[PDB]
């Protein structure tokens, strides 16, 4: 964990009088958020609590203290002990959560995180990037990213965000249906918009993807399915059948292939995420 956490939000100095009230009452941070407290002057009191507000331990910290990160979901409260208290709080998270935490982008797929562990930084095409969750993450991690989508407002969000974050990402408005990738790539990822593609064009799109991946390079696809036992609950313009994605890539090496149930972020009301089967594939070109 040495270098695992990154600061996604940094607060200015808090004093005894402006330390906000919510921090002085029983509270905790969200799953995946760690708090770093730094005492700049004076003394701060910190109460470790149970969920019901009973005090479990108390600490007094000074600028000479090293305060461990406050863990996600740990119940606590703080307050100034000295009138001259000055302290700061930063919120930290893992890099797979940074864009969701800082910008409220949709959470990234675990499969993109797992793939990055395996594939070192390289030249990536995010083919159908939406707002850019995959592209932002990979660029943050040192990948050289190209990001294409048809949606004007999505590409604008990506362009505004990459500038705030010092990321160099090549972005463009593009019809994925055209199957006109130009350059070659070490990694092509498409996990956001496959269900929106033109059924008639999928054979060409995939053939083009494959042709513009270097040998030794990877393709990662996550895409909705419709099967006999599990017909798609939404009428998407494209869904994969049982074994159809694997058959497109039968001549590649499969590092991962599954057709497990998953859930859209979108909900039914009730208010429950919509379930269906997804084809998930990480394959390497021989």
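Numbering follows the first chain given and starts at 1.
Relative to one another, 115-123 and 159-167 have unequal mean CA B-factors, and 115-123 is the one with the higher figure. In this entry, 245-253 shows the higher mean Cα temperature factor of the pair 45-53 and 245-253. As recorded in the entry, 270 carries the highest CA temperature factor of 270, 24, 10, 15.
Out of 207, 101, 95, 133, the entry records its largest CA B-factor for 207. Sort the modelled residues of the chain by CA B factor and residue 191 lands in the middle third. For residue 238, the recorded CA B-factor ranks within the middle third of the chain. Only modelled residues enter the ranking.
Among the modelled residues of its chain, residue 222 has a C-alpha B-factor that falls in the middle third according to the deposited record. When all modelled residues of the chain are sorted by CA temperature factor, residue 70 is found within the lowest third. When the modelled residues of the chain are ordered by their C-alpha B factor, residue 80 lands in the middle third.
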